[PDB]
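Given next are the chains, with one letter for each unit.
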Amino acid sequence: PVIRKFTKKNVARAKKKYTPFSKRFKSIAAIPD
DNA sequence: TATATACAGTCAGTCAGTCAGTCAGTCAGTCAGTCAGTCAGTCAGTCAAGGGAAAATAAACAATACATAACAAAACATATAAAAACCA
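Residues numbered from 1 in each chain as written, not as in the entry; some residues may be left out. Chains lettered and ligands numbered in written order. Part of a larger assembly, values for the part shown. Heavy atoms only, no water.

In the PDB header, cryo-EM is given as the technique by which the entry was determined, and 4.4 Å as its resolution.

Written out as structure tokens, the structure reads:
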């Protein structure tokens, strides 16, 4: 029923992440080398 | 001889004339107060130049307005993979 007011389909979205490394150890002691 | 009645005389009051003051009603000067033309002096209406600042002109020179080209910035909008919830 809805209509998008303007289309982007030839987009090529890149599979790249927004979570930095700062948020996959969660502590100073929690980090490997 | 004396007393009572009437008539005529006599004073006084009343009646009429004499003359010397007096005031109302006019006559009228005169004196003063108020109305007519000349002129001479007053006074504003009117017919003309001309003074002079505004208006117009001109020329060299300066400042502002207008239309637009280029762009900056903020609101409105979508898409999809990715986090993080979030169902189950």
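Colleague: Quick one: what's the story with the protein's contact with DNA strand B, residue by residue and with numbers?
Modeller: Taken together, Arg4, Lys5, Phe6, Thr7, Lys8, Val11, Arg13, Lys15, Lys16, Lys17, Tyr18 and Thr19 are the residues near DNA strand B. In this structure, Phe6 approaches DNA strand B through a main-chain N or O atom, which is 3.1 Å from a sugar or linking oxygen. The separation between a sugar or linking oxygen of DNA strand B and a polar side-chain atom of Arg13 is 2.6 Å. (Near = heavy atom within 4 Å. Polar contact = N/O pair within 3.5 Å; in protein donor to acceptor, adjacent residues only side chain to side chain.)

Colleague: Mind laying out the packing of aromatic side chains, listing which residues take part and the relevant values?
Modeller: How two aromatic rings sit relative to each other is given by the distance of their centres and the angle of their planes. Tallying each qualifying case throughout the model produces one aromatic pair. Between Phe21 and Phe25, the aromatic rings sit 4.8 Å apart at their centres with planes inclined by 40°, giving tilted as the arrangement. Of the residues examined, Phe21 reaches a relative accessible area of 48% and is grouped as partly exposed. (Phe/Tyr/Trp six-rings, centres within 6.5 Å; stacked < 30°, edge-to-face > 60°. Buried < 20%, exposed > 50% of the residue type's maximum accessible area, 1.4 Å probe, protein only.)

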